[PDB]
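Here's the structure we're looking at; comments come further down.
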Amino acid sequence: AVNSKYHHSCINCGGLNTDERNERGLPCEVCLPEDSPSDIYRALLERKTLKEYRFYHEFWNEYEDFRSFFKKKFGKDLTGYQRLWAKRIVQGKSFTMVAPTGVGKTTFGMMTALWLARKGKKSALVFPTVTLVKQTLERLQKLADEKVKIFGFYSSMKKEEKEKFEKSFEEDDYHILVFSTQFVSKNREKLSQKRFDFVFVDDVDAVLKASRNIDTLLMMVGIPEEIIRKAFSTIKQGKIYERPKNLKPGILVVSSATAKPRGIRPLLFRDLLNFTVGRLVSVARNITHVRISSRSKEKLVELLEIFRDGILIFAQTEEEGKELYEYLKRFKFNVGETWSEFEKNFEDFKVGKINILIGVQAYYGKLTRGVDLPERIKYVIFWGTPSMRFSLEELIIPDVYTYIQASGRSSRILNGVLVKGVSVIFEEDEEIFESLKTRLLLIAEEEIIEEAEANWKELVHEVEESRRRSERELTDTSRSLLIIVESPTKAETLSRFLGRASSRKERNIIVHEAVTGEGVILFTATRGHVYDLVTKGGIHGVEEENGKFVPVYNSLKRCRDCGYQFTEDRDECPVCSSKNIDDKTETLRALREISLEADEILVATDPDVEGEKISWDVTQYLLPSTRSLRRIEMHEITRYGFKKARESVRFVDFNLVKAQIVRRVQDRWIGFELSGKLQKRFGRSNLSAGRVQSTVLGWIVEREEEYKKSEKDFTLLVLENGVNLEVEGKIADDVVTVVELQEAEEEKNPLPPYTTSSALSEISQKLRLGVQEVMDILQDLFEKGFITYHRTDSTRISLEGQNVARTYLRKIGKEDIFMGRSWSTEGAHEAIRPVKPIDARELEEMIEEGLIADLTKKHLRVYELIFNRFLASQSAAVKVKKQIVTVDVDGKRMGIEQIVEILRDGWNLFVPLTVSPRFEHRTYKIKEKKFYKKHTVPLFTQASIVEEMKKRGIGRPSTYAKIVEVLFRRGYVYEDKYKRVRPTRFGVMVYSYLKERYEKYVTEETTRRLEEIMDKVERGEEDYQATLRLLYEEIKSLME
Ligand SMILES: [Cl-]
Ligand SMILES: [Cl-]
Ligand SMILES: [Zn+2]
Ligand SMILES: [Zn+2]
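The structure is reproduced here in structure tokens:
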């Protein structure tokens, strides 16, 4: 803990509680003054302070009662998938069973119905087919007690069987009803009046066929007809309906999402029952892609004699497919086709009558996407890369989405086991194949290896053994994992490589669900910070107990209309009086509710000081509710980045948290005191955001005097055969004489990769954009998985990063200039570099063709600079021919150094290296002289302010853009025609007022000295409490 107090963090009364008690799982001392109690529930019951811990205590008892009941009846312990479902059942929440097909899905509904029937609650189990109704009817009767009465109805039973069901239904003397989906449609009026506590639907597709069936299910759990129709009108309008809090509906469980729901009706569950009937897209696949450089029929036969069975061959056209079918029939092969007759040939393939099935590639084709048989489909062979026509000119480009679908027929999570698949591409066109690889990397992050790299014996064994494990009763190892991030953009990027299987509306936040080989994975975004320093009490929100400063935090509130943020517990916005407020208190409560359902929770906030503060705020809040809390940091939002983050899973680093607190307190104490004085003078609030802002504003103000005084005379000299020369003063001689010419050869090393400061400066200058706009683009690229983390002070490039450059250079055929460089060895982050070997031009083509659409032209131009800068650092040095020439102009000697020839191309392929016309040891006539004035000391630019902050040791990678932009927003600094920053008249007076009274507190030496100390606090070298005393002594002096 960091000895901090958080509002609404107590798990028993919802009041203020310290982080030390939250870390130990204890409530606030008002509820329980004891430090080491045996049982928290008994302690609160003893003192009669038990308010909300009762709900938690019942939850764990109910789950164990369900868990023990499951073990007694079924004889097997709850699986990982069923652990998540059981906890949602006892909380009275409707959900879609996000899981692969299996017997555990149907048996869980049977156990829940029996468990609810034991306490007297009625259940209704709905099944698609009559045969499934009978099977579950006899399975329930064997295990249920004689006191539990179960009745079913179908069209195949005798009239005596029907009559006893109808008698019981009207008598309402039943516990579990097992009827078909057709019964719902033909008896929706009678079922609407009856209310059930648990409804289980084995097949959602049957319900989706009839629009009335969806409304009937909602009425079964107690939702009134008026609410359903009004919500549907709101959904059709476009808005999101709000479920009234007085409504307590039953549990509705959808067994399997089948990606079929396309109408607008299924969205009713999202607003009325807080769960989404998902369009299950399972991005989970284990496929080895191998490319054979030739398209010879002889090599196809040799490959088919290794796989020998369960092979699909996808041809580009029907004519080519017929050609392969007859060639594979001349040679003795059990081969079929799917164009003249599909159902018979596929059935023969399924039963083993046919070993090889040939089809024609097509997007959403019946063989490409329609079939689902990973048990039989093991090897997928493409006779030519699947291609599509783009634009009116019918450009032929690879169709990666068809390739993903067709290759996906051989790999999915089957019976809880992700079976292995092999995809083989016969392609001779290198340009088509290389285009396919980049698209597959961008979309699926799957590589395609060459024929020599592949080992067919290993792949066949890997294919056979994986299906062997799916056929047998697997021991359950599945777990439910919760990933907590702060950015919605990161969550959307995660869902693209994890799968947006289903969504749950949990108070403010939306919790997504996905299926992996390890089980379910949940991920949600908190939408920014959760806690912030309070305003009133103590020293500007910081109390002082026992000689130590205890920060006091409250949940952040953001007005959705005007965007104003505040921490006070209010019903309306302080600025516009709007009640539409995004309160992080509801976000925190939702996280606590979800923490009970997940087996383990990982807080994947950004890997910096501010992200660590957010992680500990969430961690300490959820600790009283769960113990499986750990911290991971993703340096790139990709499958690889997620894997690497989990490989180095850790706990919260309190050194980083303390660094954020001292940096926040310094801004709060300096800012509020200075703003208070400035408010009395200039009538504006928040005129001082901190100490660094005033120091930078000082530089811009001082630059006016330095820019004016440095005004010197200059003359531009153009020469007969030569370069333009800048020389001081007025030049009267009409010739320039070379007195010494020195020419030699040199090797030019490239510049290091981008850091935050260097990327901001160079990109802003070249693209004519503000540093804040560039920073936001950098954040967008990182959170969308295109570059590494953009808040870094290091040039370090890992071996993986160097491999990225090598892969691109091999792709373009320029690997002879590859020069892997690690650059720095220190640093908690890599430099800003692309994560995939895809240049900007390739990315723009993908955007134009619709593969991705989340990048604008400014994003591409920023990415281009990052890509070329990084690959320049990973490219060979360029050998040049340079000359050093001494010239005499108006009797005074001047030195000129220039490159005149490039002898060996290197990194200049990515960052051009300009050459100049060669000089000779002779006299040069002057064609024309241009007379002008230039200032020796130039005006500051947004790029050069970041450079100055870096070299003067003030500012951080997380604050460089903010410091510059705040000066603009406060009205202190403006930009002229040439994008040079200058102080406004108001900005001058603000700095003048501060210099006369508070210059010592805002001078650069003080700013740098405090920055160095707070850096050591981050590294654990300076004490956290001692640093706060240093600030407290300083602010006490300036309050006089
Ligand atoms: Cl490394
Ligand atoms: Cl930082
Ligand atoms: Zn309490
Ligand atoms: Zn507002």
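Residue numbers (the authors' numbering): 2 to 1041. A virtual CB, placed ideally from N, CA and C, is assigned to each residue, including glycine.
- Residue side-chain check: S686 keeps its Cβ at 7 Å or more from all non-hydrogen atoms of ligand 4.
- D583 has its Cβ no nearer than 7 Å to any heavy atom of ligand 4.
- Remark: the shortest separation between the CB of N18 and any heavy atom of ligand 3 falls under 7 Å.
- Closest option to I897, judged by alpha-carbon separation, among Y961, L742, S69: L742.
- By alpha-carbon distance to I900, the top candidate from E744, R410, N18, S186 is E744.
- The segment 749 to 765 makes contact with the segment 867 to 879, as at least three CB pairs between them are under 8 Å.
- Remark: the shortest separation between the CB of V31 and any heavy atom of ligand 3 falls under 7 Å.
- The C-beta distance from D203 to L133 rounds to 6 Å, short enough to fall under 8 Å.
- Each of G103, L914, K858 was checked against the Cα of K880, and the nearest Cα belongs to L914.
- Apart from the 5 residues on each side of it in sequence, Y975 sits with its Cβ closer than 7 Å to the Cβ of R983, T985 in its chain, given in chain order.
- When DSSP states are grouped into helix, strand and coil, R1010 belongs to the helix group.
- Within its own chain, the residues whose Cβ lies closer than 8 Å to the Cβ of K767, once the five positions on either side in sequence are excluded, are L866, listed in chain order.
- The beta carbon of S799 sits closer than 7 Å to at least one heavy atom of ligand 1.
- The Cβ-Cβ distance between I252 and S388 does not fall below 8 Å.
- Between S481 and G81, the gap from beta carbon to beta carbon is short of 8 Å.
- With the rule of 3 Cβ pairs closer than 8 Å, the segment 551 to 561 does not count as touching the segment 454 to 462.
- Using a cutoff of 7 Å, the CB of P28 counts as near ligand 3, since one of the ligand's heavy atoms is closer than that.
- Nearest Cα to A207 within the set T182, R230, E226: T182.
- Following the DSSP letters along the chain, one finds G16 in no beta strand (DSSP E), marked with neither H nor E.
- Judged by DSSP in its simplified three-state form, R505 adopts strand.
- Following the DSSP letters along the chain, one finds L557 in no beta strand (DSSP E), marked with neither H nor E.
- As the crow flies, the alpha-carbon of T113 is around 8 Å from that of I90.
- Going by DSSP, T182 is part of the alpha helix (DSSP H) stretching over 182 to 187.
- Taking all protein chains shown into account, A44 has 16 or more neighbouring C-beta atoms within 10 Å of its C-beta and is therefore buried.
- In this structure, the alpha-carbon of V989 lies about 7 Å from that of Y973.
- Counting C-beta pairs closer than 8 Å gives three or more between the segment 760 to 777 and the segment 950 to 970, which meets the contact rule.
- Measuring C-alpha to C-alpha distances from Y641 to each of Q142, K549, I788, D735 identifies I788 as the nearest.
- Just so you know, the alpha carbons of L589 and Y622 end up roughly 8 Å apart.
- When rounded, the separation of the alpha-carbon atoms in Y809 and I450 is 15 Å.
- For ligand 3, a non-hydrogen atom lies closer than 7 Å to the CB of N13.
- Under the DSSP assignment, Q884 falls outside any alpha helix (DSSP H), being part of the beta strand (DSSP E) whose first and last residues are 879 to 890.
- Under the three-state reduction of DSSP, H290 is assigned to strand.
- Shown here for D777: not one same chain residue has a beta carbon closer than 7 Å to its own, the five before and five after excluded.
- Check the Cα spacing between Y864 and each of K928, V888, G786: the tightest is with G786.
- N804 and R797 have their alpha carbons spaced roughly 14 Å apart.
- When DSSP states are grouped into helix, strand and coil, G691 belongs to the coil group.
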